[PDB]
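Take a look at the structure set out below.
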Amino acid sequence: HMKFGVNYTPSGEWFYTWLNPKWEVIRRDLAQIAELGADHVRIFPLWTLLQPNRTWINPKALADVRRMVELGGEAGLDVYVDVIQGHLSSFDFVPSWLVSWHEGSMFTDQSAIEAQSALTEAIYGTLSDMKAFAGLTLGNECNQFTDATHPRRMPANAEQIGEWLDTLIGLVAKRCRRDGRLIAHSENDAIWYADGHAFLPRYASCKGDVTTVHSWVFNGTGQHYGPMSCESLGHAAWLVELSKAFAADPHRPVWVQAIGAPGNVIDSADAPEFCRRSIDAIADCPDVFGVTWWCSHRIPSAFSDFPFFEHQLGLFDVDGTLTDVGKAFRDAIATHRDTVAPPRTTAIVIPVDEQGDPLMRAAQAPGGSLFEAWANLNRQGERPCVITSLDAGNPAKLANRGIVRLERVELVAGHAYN
Amino acid sequence: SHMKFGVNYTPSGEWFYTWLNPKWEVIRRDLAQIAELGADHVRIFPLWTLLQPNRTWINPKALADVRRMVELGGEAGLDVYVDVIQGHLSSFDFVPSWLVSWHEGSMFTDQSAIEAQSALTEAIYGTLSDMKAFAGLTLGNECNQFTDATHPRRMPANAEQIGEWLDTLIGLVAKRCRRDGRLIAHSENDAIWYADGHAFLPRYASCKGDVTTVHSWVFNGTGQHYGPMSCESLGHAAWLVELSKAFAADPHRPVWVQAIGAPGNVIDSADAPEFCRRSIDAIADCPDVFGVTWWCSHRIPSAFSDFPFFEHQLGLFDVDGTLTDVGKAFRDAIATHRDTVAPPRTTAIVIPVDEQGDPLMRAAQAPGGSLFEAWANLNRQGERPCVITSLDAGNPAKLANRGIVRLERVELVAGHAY
């Protein structure tokens with residue numbers, strides 16, 4: 001059955017609380033999350049505090065991560081830790097030894113990679129004795145650093161990205177398997193949607209233990225089709241099913257690791273229903289690892305330079321009370337506690353090259369022919385899945401997935417995306 | 001008319017990374033060691049990233065840690081000077097997340113950033129204002145390095161905007177400083193004296209704030225072009241003292257040698273004690289010297305990476321806490337010059353300036369330039385030269401106020417050693 005969790009934004013001080021955590025408030029924060037019926041949280045230490053020198057990891061920062069995990073467990077939550085932030089809510093947190101006079105690419109500078117390796121090992125080893133420590137993600141949407149849009153871009157080609165993922169995941173993959181924990185990585189949706197982007201779809205769907213997707217309908221979907229359109233309400237289920245096309249394993253779990261109802265496209269009055277119906281569509285996709293809502297506690301209004309909608313994403317308001325979206329999410333957990341999605345047997349076909357990479361990612365981005373073909377089949381009640389053209393010509397893969405019907409469409413780029 | 005003697009305080013063991021979790025018993029021992037030298041003050045350096053992690057939130061714990069370090073300085077018998085904005089330390093930039101990449105801005109021209117720096121200056125002064133040991137503030141360590149074209153993530157500004165930035169931040173506390181008995185200053189690296197085209201102008205250091213600050217580092221081409229133990233190198237700090245007075249409106253304005261060391265990349269380790277003694281000998285023969293503040297107290301531990309190597313040796317106390325040979329020289333220099341009063345300097349070299357009092361050619365007063373060598377040659381000859389501008393040379397009142405009786409002129413010949 002699906003797991004239900006929340007991305008943990010500390011009340012009152014946000015991630016600025018890591019300098020001097022208020023453990024009694026954090027204990028209360030985590031207790032509130034558990035009261036929703038959530039079974040896990042995802043937490044975010046800051047790279048700048050963890051590793052202020054390339055060869056010195058701050059022991060107090062590690063002990064603070066340990067204490068937050070410990071409090072998560074005492075609240076009855078499994079705790080997932082993102083190692084490298086890196087990036088959170090429009091802000092970059094990059095240690096001084098990788099900035100300006102020391103500027104470097106985290107993806108290709110060998111000394112930086114060895115530092116990220118040491119940090120990954122230090123986080124795992126710090127937490128490894130804890131019953132509540134459930135697994136690690138390399139870091140939140142690290143691919144945003146290498147995208148051509150980034151104003152201080154860290155360069156990398158696709159081969160170097162694959163090596164970066166393999167290096168860091170390979171440090172802990174064996175331990176995670178024998179310990180019963182998970183190792184994953186996380187990209188924003190440029191990996192699915194942006195042609196020329198150095199993170200490739202198959203990286204998300206084949207590397208690490210589960211696929212992560214982050215579903216944000218401010219990516220042009222809500223603006224182009226309407227915030228409460230089938231395209232918008234189904235966007236998270238679309239990412240789940242799209243991602244499986246690029247998976248070698250036919251029942252690999254897909255983790256909707258971040259999803260929210262962004263107020264820059266969805267009116268606040270629609271956000272509870274956006275939450276309920278988005279989770280309804282996700283729950284009708286097989287093999288969903290879980291849904292992790294963004295986020296637990298609203299950002300205090302005294303903090304500046306956030307995009308305004310980021311402040312409202314919290315399930316709990318600044319005074320600690322449960323919002324209407326929080327109620328919807330609580331109710332969605334109860335609704336889908338034991339939901340089992342039936343197999344999906346009609347697949348749309350993604351044309352790919354001989355390496356299994358899309359001929360045109362823009363066609364599966366919002367506004368694209370493949371995006372809309374899936375959305376139309378979904379609106380017609382046909383419950384589509386997604387396959388590549390390579391797999392379409394392999395009956396063993398089709399049989400293992402139960403696919404009996406194939407729908408094909410031409411490649412047409414969308415222009416609604418970002 | 002007596003010089004103060006102090007040390008720039010680099011915390012033992014953890015360097016400025018100690019601000020994450022200060023080891024107060026070690027810091028107390030650090031400051032007692034500095035006082036044991038006979039030093040009467042320290043200069044301390046909080047980190048901007050920890051003080052102000054959001055544009056509109058200053059972290060109260062970071063403020064309380066600054067207050068506690070000042071308190072321990074006082075308990076050691078030291079006056080404490082605080083640099084507000086780092087900003088820049090020993091090749092590293094510490095710039096908060098809200099002023100980088102997606103949030104990239106210039107601290108010199110972005111009005112909302114200027115208002116944040118104002119709030120931080122006021123918060124630091126106000127936190128420390130009731131403390132007997134708090135002796136004054138500098139806006140920040142060598143902030144001009146952020147606007148130089150050499151900087152790889154330059155914060156733009158023209159010379160007018162730099163003047164406004166200084167006037168704005170200094171103007172916040174200038175009157176309180178005067179009524180309370182404290183000082184306000186600003187600090188630039190030597191590009192202000194040497195770099196043609198630089199938006200910080202010499203008259204800014206010599207007229208704005210209460211005392212002129214200079215940072216004397218003979219790796220700026222002086223040690224290379226003339227030799228590490230040359231007169232040009234041993235006299236370089238006194239040269240900056242006398243050069244700076246040419247651009248001061250106040251004829252007896254104090255000049256603070258706020259940072260000076262014997263950098264191992266140009267000065268042999270065996271020569272550093274004599275470099276310390278004789279540099280201070282030269283400074284002590286310049287009138288109106290506010291004080292000498294050695295860089296730095298405690299050597300950087302070898303476990304920390306990516307520092308220019310010479311930065312590790314600069315400490316008066318070794319990584320094991322024992323007093324180095326330079327520390328002995330500096331201790332002995334304090335005792336030698338406790339009561340040294342420098343006689344007036346009456347022979348002046350003339351700096352040609354435009355109608356605004358700015359050099360016609362800064363390269364001529366940089367290492368290798370005609371004006372640079374004219375002062376050094378007169379000093380080596382025992383002539384104890386001072387420096388005035390061409391505007392001052394044609395003003396009998398200014399000449400009278402400074403006791404200038406003899407003027408030496410040289411044609412402008414640019415240097416290229418800088």
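Labels used: A, B, ... for chains in the order of the structure tokens, numbers from 1 for residues in each chain, and numbers from 1 for ligands as shown.
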Would you mind writing down, as a VMD selection string, each residue of range 58-306 of chain B that DSSP on the backbone assigns to alpha helix (DSSP H)? chain B and resid 60 to 75 111 to 128 159 to 180 191 to 194 202 to 207 222 to 226 231 to 234 236 to 246 272 to 284
Contacts between chain B and chain A, please, where a residue of chain A counts if it comes within 6 Å (with only C-alpha atoms); show its shortest atom pair and distance in Å to one decimal, rows by chain and ascending number, as CSV.
```
residue,atom,partner,partner_atom,distance
A:55,CA,B:304,CA,5.7
A:91,CA,B:97,CA,5.9
A:92,CA,B:97,CA,5.8
A:93,CA,B:97,CA,5.9
A:96,CA,B:93,CA,5.8
A:100,CA,B:152,CA,5.5
A:151,CA,B:101,CA,5.3
A:152,CA,B:101,CA,5.7
A:303,CA,B:56,CA,5.7
A:304,CA,B:56,CA,5.9
```
Keeping only N, CA and C atoms, write the selected residues as a JSON list (two decimals), in the first residue's frame.
```
[["chain", "number", "residue", "atom", "x", "y", "z"],
["A", 55, "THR", "N", 37.24, 19.59, 3.60],
["A", 55, "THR", "CA", 37.70, 18.46, 4.40],
["A", 55, "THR", "C", 37.36, 18.63, 5.88],
["A", 91, "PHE", "N", 16.18, 29.09, -3.37],
["A", 91, "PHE", "CA", 17.45, 29.50, -2.79],
["A", 91, "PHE", "C", 18.52, 28.43, -2.96],
["A", 92, "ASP", "N", 19.74, 28.86, -3.26],
["A", 92, "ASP", "CA", 20.87, 27.93, -3.29],
["A", 92, "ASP", "C", 21.68, 28.09, -2.01],
["A", 93, "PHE", "N", 22.12, 26.96, -1.47],
["A", 93, "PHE", "CA", 22.96, 26.90, -0.28],
["A", 93, "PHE", "C", 24.21, 26.15, -0.69],
["A", 96, "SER", "N", 31.12, 27.90, 1.05],
["A", 96, "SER", "CA", 32.09, 28.90, 0.60],
["A", 96, "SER", "C", 33.20, 28.30, -0.26],
["A", 100, "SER", "N", 32.53, 31.48, -5.97],
["A", 100, "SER", "CA", 33.30, 32.61, -6.50],
["A", 100, "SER", "C", 34.77, 32.27, -6.72],
["A", 151, "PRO", "N", 21.76, 30.52, -13.09],
["A", 151, "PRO", "CA", 22.59, 31.73, -13.26],
["A", 151, "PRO", "C", 24.02, 31.58, -12.81],
["A", 152, "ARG", "N", 24.36, 30.50, -12.09],
["A", 152, "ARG", "CA", 25.74, 30.16, -11.77],
["A", 152, "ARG", "C", 25.94, 28.68, -12.08],
["A", 303, "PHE", "N", 9.77, 36.36, 6.81],
["A", 303, "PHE", "CA", 10.87, 36.00, 5.93],
["A", 303, "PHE", "C", 10.58, 36.48, 4.51],
["A", 304, "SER", "N", 11.59, 37.07, 3.87],
["A", 304, "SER", "CA", 11.43, 37.71, 2.57],
["A", 304, "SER", "C", 12.10, 36.92, 1.46]]
```
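Near residue 327 in chain B, within a cut-off of 8 Å and counting only C-alpha atoms, sit the residues residues 37, 273, 315, 316, 317, 323, 324, 325, 329, 330 and 331 of chain B, with same-chain residues fewer than 2 positions away left out.
When CA of residue 242 in chain A is paired with CA of residue 375 in chain A, their separation reads 11.2 Å.
Considering only C-alpha atoms, the residue among B:155, B:137, B:288, B:364 positioned nearest to residue 184 in chain B is B:137.
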Per DSSP on the backbone, what are the strand (DSSP E) residues of range 41-265 of chain B, as a PyMOL selection string? chain B and resi 41-44+79-83+88-89+92-93+134-138+183-185+212-216+255-260
